[PDB]
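Undergrad:
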Amino acid sequence: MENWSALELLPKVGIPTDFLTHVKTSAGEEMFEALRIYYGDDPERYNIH
Amino acid sequence: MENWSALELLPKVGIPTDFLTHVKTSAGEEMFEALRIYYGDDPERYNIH
Amino acid sequence: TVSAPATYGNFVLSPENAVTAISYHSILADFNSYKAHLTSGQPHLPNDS
Amino acid sequence: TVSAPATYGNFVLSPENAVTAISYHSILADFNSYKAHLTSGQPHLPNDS
Amino acid sequence: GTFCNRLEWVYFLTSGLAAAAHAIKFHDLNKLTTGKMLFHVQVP
Amino acid sequence: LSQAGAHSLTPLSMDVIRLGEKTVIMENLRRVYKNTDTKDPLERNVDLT
Amino acid sequence: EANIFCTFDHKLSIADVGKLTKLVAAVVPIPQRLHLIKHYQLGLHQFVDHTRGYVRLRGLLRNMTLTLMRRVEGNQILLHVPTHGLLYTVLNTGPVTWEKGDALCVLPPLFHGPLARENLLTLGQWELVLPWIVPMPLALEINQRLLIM
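As you go down the protein sequences, you meet chains A, B, C, D, E, F and G in turn. Using UniProt numbering, the letters of the first sequence map in sequence onto residues 1 to 49. Using UniProt numbering, the letters of the second sequence map in sequence onto residues 1 to 49. Using UniProt numbering, the letters of the third sequence map in sequence onto residues 295 to 343. Using UniProt numbering, the letters of the fourth sequence map in sequence onto residues 295 to 343. Using UniProt numbering, the letters of the fifth sequence map in sequence onto residues 55 to 98. Using UniProt numbering, the letters of the sixth sequence map in sequence onto residues 344 to 392. Using UniProt numbering, the letters of the seventh sequence map in sequence onto residues 5 to 153.
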């Protein structure tokens, strides 16, 4: 599957993404293809294989 | 399951060799973990996806 | 009088991306920007690729 | 009396290897030599990594 | 009233086993999982 | 035939045993069938019925 | 005594260790409680045997000790026995919705219906089957209902 440490560690571009509905609604109603939510702050970014 | 295209296209360092037994005998008798013995010539190293 | 661009923008493949194209079956766009703004420390790119 | 090295053979990692390590979980050691000898044309390296 | 005083120091390079070793100090092995160094041979 | 050629000469090193004012060239044929397919024909099977 | 190391006879690929690194702070039982173990007694697949009894597994997994998996870096899985009282974080794969008041008890994984039976680590003869963490009313209902059976 698509590794999200390549999202979390690599430097990203700041952007004002203003989409019209709530973010958790657009997650829970599966408007996006593949989500990955964590409600904590997981250390799974750090196990760099 | 590996990337043998990376083995056939990348630039390589040369070595003086000395196998224990014959090399094809080392091929058919599973001395290593991963082997890619193709006879003739295979053009499989070209479809870069 | 609007002002559209004249031609399509060109996205030429950098020589840092050739090894990633051949070996890992992936392209990470403008590898130089990611390397510079990763080793520099600041995780905000000015503009995307 | 024989001569043997007093210190270990230190080996550093280029930042391009850091970007590939974050992204695809892989290292192609001495990545700069692989890049230059790919885009130049010489397919035989002086040494390994 | 005494404890241990009579030891000596031994290193990896000064011992004769280091002829079978190319000692590399590389500060990032706890992140590394597997190092493959793979060959391509053609036959005559 | 002896008029045909043998113009110049080159030096090269090999092993020689002295056998009663007749020096002969010792030579192993290992490197000419190192990893090859056809058999070393100095190897032979003999039969004693 | 607190940390339990383990190993495999296979090596571990990036796909397999990527399947496995998602299971940080997941519960895994141990039949033995020793310092160094093998992976052929880790989990439960040493003890699963169909046409023997789900109730035998319910009486057997009840008897094993429990651990929590964390800090995987290559041939080291590091099960960690929880001390009696401190606050821990766990992770469940058994699909039951939870509640802040309801306590927990361990059950052997019954089949759920979809013929998925997810094992998440497939080796040459050993899959990794995982203990279910379920709330207390379902555990009491399971025990009373199979006693009714």
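The beta-carbon is built from N, C-alpha and C at its ideal position, and this holds for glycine as well.
1) Measure the CB-CB distance between residue 98 (chain G) and residue 130 (chain G) and report whether it falls below 7 angstroms.
2) Taking all protein chains shown into account, decide if residue 16 (chain G) is buried (16 or more other Cβ within 10 angstroms of its Cβ) or exposed.
3) Taking only runs of the alpha helix (DSSP H) that begin and end inside the stretch 19–89 of chain G, which ones reach a length of at least 4 residues, in chain order?
4) Please confirm whether residue 371 (chain F) has its beta-carbon closer than 7 angstroms to some beta-carbon of chain B.
5) Hey, how far is the Cα of residue 66 (chain E) from the Cα of residue 296 (chain D)?
6) Is there a C-beta anywhere in chain C that falls below 7 angstroms from the one on residue 3 (chain B)?
7) Helix, strand or coil for residue 369 (chain F) per DSSP?
8) What residue range does the alpha helix (DSSP H) around residue 149 (chain G) cover?
9) For residue 18 (chain B), which of B:26, B:12 and B:34 has the nearest alpha-carbon?
10) Counting only C-beta atoms, is residue 13 (chain B) closer than 7 angstroms to chain F at any point?
11) Taking Cβ to Cβ, would you say residue 147 (chain G) is nearer than 7 angstroms to residue 84 (chain G)?
12) Looking only at its own chain, which residues have a Cβ that is under 7 angstroms from the Cβ of residue 43 (chain G), when we skip the five neighbours before and after it?
13) Using the C-alpha atoms, what's the distance from residue 119 (chain G) back to residue 86 (chain E)?
14) Could you check how far apart the C-beta atoms of residue 305 (chain D) and residue 313 (chain C) are, in whole angstroms? I think they sit under 8 angstroms.
15) Checking contacts by CB at 7 angstroms: is residue 49 (chain A) closer than that to chain D?
16) Give a yes or no on whether the C-beta atoms belonging to residue 71 (chain G) and residue 110 (chain G) are separated by under 7 angstroms.
17) Whose C-beta lies closer than 7 angstroms to the C-beta of residue 124 (chain G) among residues of the same chain, with five residues either side of it excluded?
18) In chain order, what residues of the same chain have a beta carbon less than 6 angstroms from the beta carbon of residue 343 (chain C), not counting five sequence neighbours either side?
19) By DSSP's criteria, residue 109 (chain G) is part of a beta bridge. Which residues make up the other side?
TA: Based on what the coordinates show:
1) Contact flag unset, no.
2) Counting Cβ neighbours within 10 Å, residue 16 (chain G) comes out buried, since at least 16 surround it.
3) For the stretch 19–89 of chain G, whole alpha helix (DSSP H) runs of length 4 or above, ordered along the chain, are 58–65.
4) Using a CB distance cut-off of 7 angstroms, residue 371 (chain F) does not count as an interface residue toward chain B.
5) If I take the Cα positions, the gap works out to 15 angstroms.
6) Yes - at least one Cβ of chain C is within 7 angstroms of the one on residue 3 (chain B).
7) DSSP places residue 369 (chain F) in strand when its eight states are reduced to three.
8) Segment 140–152, the alpha helix (DSSP H) holding residue 149 (chain G).
9) For residue 18 (chain B), the nearest C-alpha among the options comes from B:26.
10) Output row for residue 13 (chain B): interface = no.
11) Not a contact, by the Cβ cut-off of 7 angstroms.
12) Closer than 7 angstroms at the Cβ level, and outside the excluded window around residue 43 (chain G), lie 10, 11 and 12.
13) So the alpha carbons of these two residues sit roughly 37 angstroms apart.
14) For a cut-off of 8 angstroms, the C-beta gap from residue 305 (chain D) to residue 313 (chain C) is around 19 angstroms, too long to register as a contact.
15) Yes, residue 49 (chain A) lies at the interface with chain D (some Cβ there is under 7 angstroms from its Cβ).
16) The answer is no: Cβ separation not under 7 angstroms.
17) So the qualifying residues of the chain are 23 and 132.
18) Result list for residue 343 (chain C): 323 and 324, in chain order.
19) Bridge partners of residue 109 (chain G): G:138.
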